[PDB]
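In what follows, chains are A, B, ... by sequence order, proteins preceding strands, each numbered from 1. One-based numbering, in listed order, for ligands and for the atoms of each. Only this structure's heavy atoms are used, side chains among them; waters, hydrogens and symmetry mates stay out.
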There are 2 protein chains.
Amino acid sequence: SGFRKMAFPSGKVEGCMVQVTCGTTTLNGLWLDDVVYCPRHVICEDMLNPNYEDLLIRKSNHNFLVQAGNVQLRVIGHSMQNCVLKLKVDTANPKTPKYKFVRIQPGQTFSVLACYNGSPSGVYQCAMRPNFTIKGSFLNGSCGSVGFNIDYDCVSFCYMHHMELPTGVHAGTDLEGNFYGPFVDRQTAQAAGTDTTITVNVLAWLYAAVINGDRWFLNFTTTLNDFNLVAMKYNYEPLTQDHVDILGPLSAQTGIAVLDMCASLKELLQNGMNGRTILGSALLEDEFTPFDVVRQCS
Amino acid sequence: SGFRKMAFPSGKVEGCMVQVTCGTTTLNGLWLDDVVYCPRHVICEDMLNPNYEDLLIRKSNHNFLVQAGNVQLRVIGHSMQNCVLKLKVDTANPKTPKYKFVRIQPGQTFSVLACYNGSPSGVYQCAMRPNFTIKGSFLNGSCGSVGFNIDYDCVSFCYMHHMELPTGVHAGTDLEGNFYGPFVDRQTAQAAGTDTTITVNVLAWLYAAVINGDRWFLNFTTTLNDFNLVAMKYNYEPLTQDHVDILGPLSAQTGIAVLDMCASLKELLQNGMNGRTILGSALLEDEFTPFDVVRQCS
Ligand SMILES: Cc1scnc1COc1cc(Cl)cc(-c2cc(-c3c[nH]c(=O)[nH]c3=O)cn(-c3cccnc3)c2=O)c1
Ligand SMILES: Cc1scnc1COc1cc(Cl)cc(-c2cc(-c3c[nH]c(=O)[nH]c3=O)cn(-c3cccnc3)c2=O)c1
């Protein structure tokens, strides 16, 4: 019983964080096999309008200092892929877990291991927003921290932190260096664009609430089309038959039809929560996927 | 920028979780040096009214099966301390971190590594409630999961999970086996007693909100005594000069006097939040200590 924002155990990722220093810039890197991955702005004052190609040409292998705890790595190769720097080192990380690199979809969640100077300081869960930002918790020095999921023994790396926008939300790349969203690694104004609420995740959280005994919001039914009208009015993502199918296991376990749950959600959107709480929250929570609910309620 | 419920990196504790089996009961244990710690109800059907002394007498060392991943440990000793069982094994955990056993005070926070069958499944932060329960996230099989803090390289173990009460909140012990609160390890009705809100933690979170740009709730001043009148009316812990002194660093960094912040809090208690949010929450959050705020805002 109980429902919490739960991160994955971070041990397997803790073993791969290192510090990367270039000139006087220092940030975090990810050491997997014999490759270290970090944001290419480690090579930047220059960040206002950088020519990354030109700046990397002034660099040689020995200009990159890589420290794994108290262990110094020997950099024997370096290349740029999209917005990540890849540093070939002479040693394979003995702590390399089984892993993959994944580009997650908006709405999916992942655990963030926040790191400074190559040392982990905290773990927390968050979601890729529909507008490809994340609402993280990061201070200067946190660049190169990574987000991940764990399936059995395999770590799926999906996020490397690059930037805090002036609005205070965060932007980064997948581990091949492609930004999520329209962002570029330059210190210049950048619009994120309208965000929306992750509808399928809010429904999954209503199912979690029912599983936990919070039932007051159950009431009617609706149509996929009728609901999507109300979704649009309150800046919720449109619900698709694909989303309905993903909620099937929770619908089967609770006995509540998905469109019945949509009808509950519609009444909460149209009438507010009335000072009451659901799973300890006075707002509709959208950062639990259907998988997160099943994991934590299974 | 940003503020999140952040757990400690769990790696150092992941290395100490094992599975403990007795008869057909299986739960989690904590392997530190050559000792494994687990809830004594592993030796219990019997849980309605157990004579733990009598039940442990029927047991011998070889009745306790201890599995560390795929490694079997040899149990060479066993004893009961308060409500924990201590199993002497033949091998010292090579992964034992530097550690201590601590009994935390109500209001303090810790990270919980939720585990099943000796395998970690998730990490999250929570607080010891004033009434010595915790509002965790635990399913059957989670007993023996532990809560901890980390200071530099030292793990301070403060909590081992034993019980879910019928109200759905959770009860457990320190690592010497003394329950927090009035609870006993028996499946019989048990009152937790009135809880209250952790006042000093709510203030610390208001300072975090100011540090992050959420300033709308700043307004007046008050007296320690006047505020405590309002604290009592809304079931908040009384504020002491000790609490004021602990908030000093945040008061100094923000330039906001503690009693000025108390006056803001008083107006939020007396008028509600008016549909607005603070750090993304529509309720006053009390599970961040002043230390948690400084760590995450430093
Ligand atoms: C988009 C707009 S518009 C006006 N301004 C911006 C922000 O523009 C950028 C662009 C780039 Cl390319 C990088 C950065 C950035 C760099 C570092 C950094 C630099 N050096 C270093 O040694 N270590 C580091 O960590 C840290 N953080 C940072 C701070 C707080 C939270 N999260 C990240 C950053 O945002 C910002
Ligand atoms: C106080 C009152 S009044 C009416 N009822 C209660 C609850 O009474 C107790 C007493 C004791 Cl001594 C123990 C328990 C308990 C045991 C186990 C358990 C048992 N076996 C095993 O092999 N593995 C396990 O995990 C698990 N969970 C549990 C479940 C969900 C979340 N968290 C914990 C438990 O609560 C309950």
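- Against a heavy-atom cut-off of under 4.0 Å, B/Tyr52 is close to the following atoms of ligand 2: 12 (Cl).
- Scanning A/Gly144, A/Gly172, A/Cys143, A/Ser145 for the heavy atom closest to atom 26 (C) of ligand 1 points to A/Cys143.
- Comparing heavy-atom distances from atom 24 (C) of ligand 1 across A/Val184, A/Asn140, A/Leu27 singles out A/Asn140 as nearest.
- Some N or O of B/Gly141 is nearer than 3.5 Å to an N or O of ligand 2, by distance alone.
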Between B/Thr133 and B/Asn131, does a side chain to side chain donor-acceptor pair (under 3.5 Å) hold up when you go through it step by step?
CA-CA 6 Å; B/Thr133 66; B/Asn131 73 353; 2.9 Å; yes
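- The pair A/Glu287-B/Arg4 meets the salt-bridge criterion, with a side-chain N (NZ, NE, NH1 or NH2) lying under 4.0 Å from an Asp/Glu carboxylate O.
- Legend: residues meeting salt bridge (charged side-chain N to carboxylate O under 4.0 Å, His left out) with B/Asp174, ordered by chain and number and at least two apart, are B/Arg103.
- Every residue was checked against the side-chain hydrogen bond (donor to acceptor under 3.5 Å, both in side chains) condition with A/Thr254, not counting sequence neighbours, and none meets it.
- Taking only non-hydrogen atoms, the option from B/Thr26, B/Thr25, B/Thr21, B/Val169 nearest to atom 23 (N) of ligand 2 is B/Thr26.
- When A/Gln190, A/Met163, A/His170, A/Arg186 are ranked by how near their heavy atoms come to atom 36 (C) of ligand 1, first place goes to A/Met163.
- Here atom 35 (O) of ligand 1 lies nearest to A/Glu164 when heavy atoms of A/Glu164, A/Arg40, A/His41 are compared.
- Residue-to-ligand polar distances place B/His161 within reach of ligand 2: an N/O pair is separated by less than 3.5 Å.
- Closest to atom 31 (C) of ligand 1 by heavy atom, among A/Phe138, A/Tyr116, A/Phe183, is A/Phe138.
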